[PDB]
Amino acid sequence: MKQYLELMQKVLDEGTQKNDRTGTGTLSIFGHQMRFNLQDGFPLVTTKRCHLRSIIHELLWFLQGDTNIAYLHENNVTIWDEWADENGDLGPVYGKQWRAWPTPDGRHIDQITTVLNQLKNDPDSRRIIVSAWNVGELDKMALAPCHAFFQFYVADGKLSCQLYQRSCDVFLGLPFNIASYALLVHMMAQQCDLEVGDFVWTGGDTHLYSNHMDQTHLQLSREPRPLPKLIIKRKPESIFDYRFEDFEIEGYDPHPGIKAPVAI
C-alpha cells in the first residue's frame, strides 16, 4: 500500500544502522505516523499475498483474554510458539492486560468492556484507551508488548483508532499489526452502531532487519493494487462472540507472497 511502501523507502534512505538484541542489526528510524481511511477499504497489503486467517485468530485470541498459544496452535498460527514456556504459556501478555488488568489491590479491570460502555454512553470521551503496557508485570511477559497502547475516538458517527507501536519490524510484523487493528475498529464499529473512520498508526523504533533487504527491494518494485473490502456476515450478540467464519474479503488480488526469516 502506498503509505506502507513509502515508510519502507524512508527506512532505507534515512534509517540508522543499530545493533539489536538479536545481534542481527537493523536500519532504524524513530517516530512515524500513517493514516488509513477505512472508508477506502481494508488496509491489507497487496504487494505481498497476506493471509487474513492468521490475523483473525490472533485478534480473537486476544479478545478472549488468552495467553496460551494452544488456541493458536489448533489454527496453525505458530509465530508465538518460540516464546511460550513448556506449558504453552506466554505470561500476562496482550489478552490478559486487555480483559483483566489486575489492580494492585486484588481486582481485575476489563478494558474492552469499559471501552464498549464508553463508546455506547460517552462517545465524546477523550479517555477511551486500552493499554497493554502494565509496568508491574512486564517482567512476567515472554516479550514486552510491541503494539502497546491504543485510543478510540468518535466524531460524526465515525469510529477512529490510534495505536502507539513502540517497536516495529517493517517487513514482517507491520502488515499483520495494521490489519489486526483495522479489523478491531470494524468489530467495535458494528457493536456500537458507528461507521468506520481512520486507523492512525504511530511507531517508536521502526526498523527493517538487515536480512530483509533483498525482500524489501523486490516488494518496493510491485504496484500497489486497490484495497479489498471487508464483510462481516453476521452481527454477533457481543464483541466476544465473533468467529472466524464471520469475516470475508473481497477484491483481494495481491502479488504473490514473499518469504523472509524472523529475527529471534
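From 1 onward, residues are counted along the sequence shown. What we label the rigid core is the largest C-alpha set whose atoms superpose within 1.5 Å from one form to the other.
- The rigid core fit leaves 46 to 54 as the farther-lying stretch in 6 other deposited structures of this protein, judged by Cα positions and set against 196 to 204 and 46 to 54.
- Using the rigid core as the fitting frame, the root mean square C-alpha deviation in 6 other deposited structures of this protein is greater for 82 to 90 than for the other of 82 to 90 and 146 to 154.
- Relative to its counterpart among 119 to 127 and 187 to 195, 187 to 195 has the higher mean temperature factor, C-alpha atoms as listed in the PDB entry.
- Between the stretches 104 to 112 and 74 to 82, it is 74 to 82 that shows the larger average CA temperature factor.
- Across 32, 35, 53, 207, the greatest Cα temperature factor reported in the deposited entry is at 53.
- Residue 157 sits in the middle third of its chain by CA B factor, as recorded in the PDB entry.
- Ranked within its chain, residue 39 lands in the highest third, by CA B factor from the PDB record.
- Sort the chain's modelled residues by C-alpha temperature factor and residue 203 lands in the lowest third, per the entry.
- Among all modelled residues in this chain, the alpha-carbon of residue 88 has a temperature factor (C-alpha) in the highest third.
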